[PDB]
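What follows is one structure encoded as structure tokens, with my remarks underneath.
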There are 2 protein chains.
Amino acid sequence: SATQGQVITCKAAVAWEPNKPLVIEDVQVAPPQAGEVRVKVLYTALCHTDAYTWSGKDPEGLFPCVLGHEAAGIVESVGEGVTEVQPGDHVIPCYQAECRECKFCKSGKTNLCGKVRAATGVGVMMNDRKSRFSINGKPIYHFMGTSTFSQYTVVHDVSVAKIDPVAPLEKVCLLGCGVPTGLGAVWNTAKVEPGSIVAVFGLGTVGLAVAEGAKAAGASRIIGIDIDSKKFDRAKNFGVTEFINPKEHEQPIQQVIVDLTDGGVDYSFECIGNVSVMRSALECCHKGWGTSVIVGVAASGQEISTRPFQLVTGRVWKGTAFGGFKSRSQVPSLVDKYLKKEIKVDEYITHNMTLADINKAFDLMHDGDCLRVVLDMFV
Amino acid sequence: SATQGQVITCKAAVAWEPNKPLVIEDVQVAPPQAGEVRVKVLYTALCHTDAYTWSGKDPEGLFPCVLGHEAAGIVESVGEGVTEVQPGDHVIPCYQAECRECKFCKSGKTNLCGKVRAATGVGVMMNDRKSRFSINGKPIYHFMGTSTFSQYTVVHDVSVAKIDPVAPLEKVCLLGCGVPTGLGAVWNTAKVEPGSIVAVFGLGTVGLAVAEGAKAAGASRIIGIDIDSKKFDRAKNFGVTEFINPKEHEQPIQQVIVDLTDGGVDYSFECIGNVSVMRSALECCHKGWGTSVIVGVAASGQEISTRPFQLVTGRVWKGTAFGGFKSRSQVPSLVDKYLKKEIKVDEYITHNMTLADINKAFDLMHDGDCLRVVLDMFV
Ligand SMILES: NC(=O)c1ccc[n+]([C@@H]2O[C@H](COP(=O)([O-])OP(=O)(O)OC[C@H]3O[C@@H](n4cnc5c(N)ncnc54)[C@H](O)[C@@H]3O)[C@@H](O)[C@H]2O)c1
Ligand SMILES: NC(=O)c1ccc[n+]([C@@H]2O[C@H](COP(=O)([O-])OP(=O)(O)OC[C@H]3O[C@@H](n4cnc5c(N)ncnc54)[C@H](O)[C@@H]3O)[C@@H](O)[C@H]2O)c1
Ligand SMILES: [Zn+2]
Ligand SMILES: [Zn+2]
Ligand SMILES: [Zn+2]
Ligand SMILES: [Zn+2]
């Protein structure tokens, strides 16, 4: 690399303050330190998690920052002691790290490695507890250990998945968040059996991946719930067999579902981040065995509630983070499955735009009429 | 049987109103109809659930009623179609029925048979939708399908566990509720693995059985939490290895437990019925895999709450009903384990009294100066 050891000056979409449109700035991206990787971000996708922090409803939120966490690109350079990746490798930076050596990593019970959490949680790098981004010497915080809204980003080596170089980067950028979250919520978290009756609450990218996961798992019925009836038609291609719009019914949604399933569903998945809907997803589950998985991310201060008899009578309340997938170990497999036509990726993308269109893309995101928007960072 | 086909006049502890002392009355106990069994209740133990309903805090509480659900006795007579039990058999009447043929019984995922619930949940028998108890021609409702505070009671055949006739009825009456509840909360519900770190909230009979269950499960640490330090001393014999009294700490109890366990326990059991303590028990679980089992029965209208983040970060919220044990199929096996000294039963009994002392026995329970109190019905 022509830039090895040097401070890079590139374009980045900077979130200067909450609710303010992103400003495309020239930022300085410092070289990778010990155990870090500088990535050329070719393509990034937009997620509701980016907008959630941008909105100001996030307690972890630090301003000014470079948002974005769903991307794919190429290793520009590596810091001291980095050997798992090298300049030129095709990678997916992940918000979920995998150090492969801690209690969380070694016990096949969870994917939640906490090695770099103290650093990533505060918009900084572990090696020096500083950000690698600056404008006129002043720091711009990192976001979710990824900051993929920058042409160049610096991430911890433990968060870098090395992928198949033939994979189309404008597609595989979705394998860093939404699609594995939905798929894994079914396969890893719930472990849905064939014949199961599944309810999916919210038919956005995540809800659709849950439907594809449940179809792959051999569910007999996939009930799609969304307040927007226009989202029902596209859902059928993702495996959804039945539809309910809660606004079309005076009785609580949980009652409507119990009334169609002879007692309730085997599995429910809340793919919105709405606490009232989380309670409904639990209560629509069948007595004795019904399991509800929260996939959606609620705003800070919101609490879930139910009457404890729902649990005493056999319902199970749980949740998922990145579908329970181990980033460095499993994202490369999801890419291989995608390349081998075992899983859908392309179908979740409704728009391709450029970095300059970032605000226009967040406007599409607010309106609800899109699935994933992919940004070409270098055009 | 001298009383076959006939109405029995016997003594019963009747609860006329919530919160008023139990009155010993002469009651008429009609003969069993199709599918029913009339039992001579030799011994009955008092449970917190009996006091829970008497205190007016049960959503299903009906008055006047004959309370009691932990008993052991002898089959006096059987109704038409009854073949599994016959006069003279030693039995344990169970509040959790097992028809062996329904959706729940055949599922293999639960013990929550709902065959006779339309009747027991409303203080009546299924055959004629009427009670078998009356005073001056006026009905006295059944309670939990058992009504063991009566010398003679009529139960559904699907709620009768036939047991080894050598088993002492003054001990095995406990195998109808509290002891299998705690043991099973561990073995069936949580499925605690060897080396697990366990937190038991409330060190009453149920909490102590959870400690015995966890000890048999090969747990490395059993943390006993109780607001009464007096309950700690006897708890050591049941497997409790460490003690915490929440009143001795300014920080919330979950924080105290997390501090002592390097992030939280593997399994927590709430054995009280207090919704704030239920939230604490969930929050004291280790991120990624920690599981909380609600065992305690909460008051009407009380709700459990937490931040959805607790579940998204891997904690599992579940509950148990009769420790997940199949009544007719498994209660005889537990009586066999007890006689083999594989399980403790005797150790949970602190007092033996007579039916006439029922009110004295509940006052003793209110003061927290006992575990199980066994009433001799016929002396
Ligand atoms: N846990 C994880 O690791 C993780 C990962 C990725 C995304 N997420 C979360 O998943 C959620 C969904 O992501 P997405 O990209 O699919 O978003 P989205 O906006 O495209 O989808 C949300 C859907 O829910 C619908 N909806 C809104 N309110 C509803 C209600 N009351 N009842 C029914 N439907 C309702 C909307 O119409 C929309 O179709 C977000 O909260 C996101 O933060 C979590
Ligand atoms: N789920 C089931 O199938 C089932 C079956 C049997 C019993 N139960 C329930 O189990 C519960 C306990 O039964 P038991 O007979 O062991 O009761 P118990 O009264 O003997 O014991 C309760 C204990 O909780 C302690 N306690 C109270 N508040 C506390 C707090 N804030 N923090 C810590 N400790 C606290 C008390 O000091 C007491 O020792 C009851 O709610 C009963 O209904 C449930
Ligand atoms: Zn995302
Ligand atoms: Zn790790
Ligand atoms: Zn049944
Ligand atoms: Zn009981």
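Read-outs: derived from the displayed coordinates by stated rules, not from any lab. We place every Cβ from the backbone using ideal geometry, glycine too, and count neighbours over all the protein chains shown.
Just need a number here: residues in region B:244-278 that are surrounded by 18 or more Cβ atoms within 10 Å (Cβ to Cβ) and away from ligand 2 (no atom under 11 Å from the Cβ).
10
Could you tell me whether any residue of region A:242-252 is away from chain B (no Cβ under 13 Å) and in contact (Cβ under 8 Å) with a residue 24 or more places away in the chain?
Checking region A:242-252: at least one residue is away from chain B (no Cβ under 13 Å) and in contact (Cβ under 8 Å) with a residue 24 or more places away in the chain.
Outside any loop (DSSP other than H, G, I, E, B), away from ligand 5 (no atom under 16 Å from the Cβ), within 12 Å of chain A (Cβ to nearest Cβ) and under 25 Å from B:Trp54 (Cβ atoms) - does that describe any residue in region B:314-322?
The answer is yes, given that some residue of region B:314-322 is outside any loop (DSSP other than H, G, I, E, B), away from ligand 5 (no atom under 16 Å from the Cβ), within 12 Å of chain A (Cβ to nearest Cβ) and under 25 Å from B:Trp54 (Cβ atoms).
Answer with yes or no whether A:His366 is more than 27 Å from A:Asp157 (Cα to Cα), part of a helix (DSSP H, G or I) and of a type outside the set (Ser, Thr, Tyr).
yes
Determine whether region B:196-206 contains at least one residue that is in contact (Cβ under 8 Å) with a residue 12 or more places away in the chain, under 25 Å from B:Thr148 (Cβ atoms) and in a helix (DSSP H, G or I).
Taking every residue of region B:196-206 in turn, at least one turns out to be in contact (Cβ under 8 Å) with a residue 12 or more places away in the chain, under 25 Å from B:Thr148 (Cβ atoms) and in a helix (DSSP H, G or I).
Could you list all residues from region B:51-66 that are in a strand (DSSP E or B) and not aliphatic (A, V, I, L, M)?
The answer is B:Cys65, and nothing else.
Being hydroxyl-bearing (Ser, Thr, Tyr), within 16 Å of ligand 1 (Cβ to nearest atom) and buried (at least 16 other Cβ atoms within 10 Å of the Cβ) is true for just one of B:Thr313, B:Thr291. Which residue is that?
Only one candidate passes the filter, namely B:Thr313.
Restricting region B:295-313 to residues that are in a helix (DSSP H, G or I) and free of Cβ contacts under 8 Å to residues at least 24 places away in the same chain, which is farthest from the other protein chains (Cβ to nearest Cβ)?
The extreme case among them is B:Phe309.
Please specify each residue of region B:1-28 satisfying the condition of being surrounded by fewer than 17 Cβ atoms within 10 Å (Cβ to Cβ) and among the hydrophobic types (A, V, I, L, M, F, W, C).
B:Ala2, B:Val7, B:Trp16, B:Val23, B:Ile24
Of these, B:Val122, B:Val75, B:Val91, which one is part of a strand (DSSP E or B), away from ligand 2 (no atom under 16 Å from the Cβ) and over 17 Å from B:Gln33 (Cα atoms)?
Result of the check over B:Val122, B:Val75, B:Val91: B:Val91.
Would you please name the residue that is surrounded by the most Cβ atoms within 10 Å (Cβ to Cβ), looking only at residues in region A:77-127 that are within 16 Å of ligand 3 (Cβ to nearest atom) and within 14 Å of chain B (Cβ to nearest Cβ)?
A:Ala97
I'd like to know if region A:362-372 contains one or more residues that are within 9 Å of chain B (Cβ to nearest Cβ) and either within 16 Å of ligand 2 (Cβ to nearest atom) or surrounded by 21 or more Cβ atoms within 10 Å (Cβ to Cβ) (or both).
no
Go through region A:52-98 and count every residue that is under 22 Å from A:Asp128 (Cβ atoms) and without any contact (Cβ under 8 Å) to a residue 24 or more places away in the chain.
Residues that pass the stated criteria total 1.
Can you name every residue in region B:279-288 that is more than 9 Å from chain A (Cβ to nearest Cβ), more than 21 Å from the chain's Cα centre (by Cα) and either surrounded by fewer than 20 Cβ atoms within 10 Å (Cβ to Cβ) or among the small types (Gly, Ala, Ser) (or both)?
Scanning region B:279-288 gives a single hit, B:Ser280.
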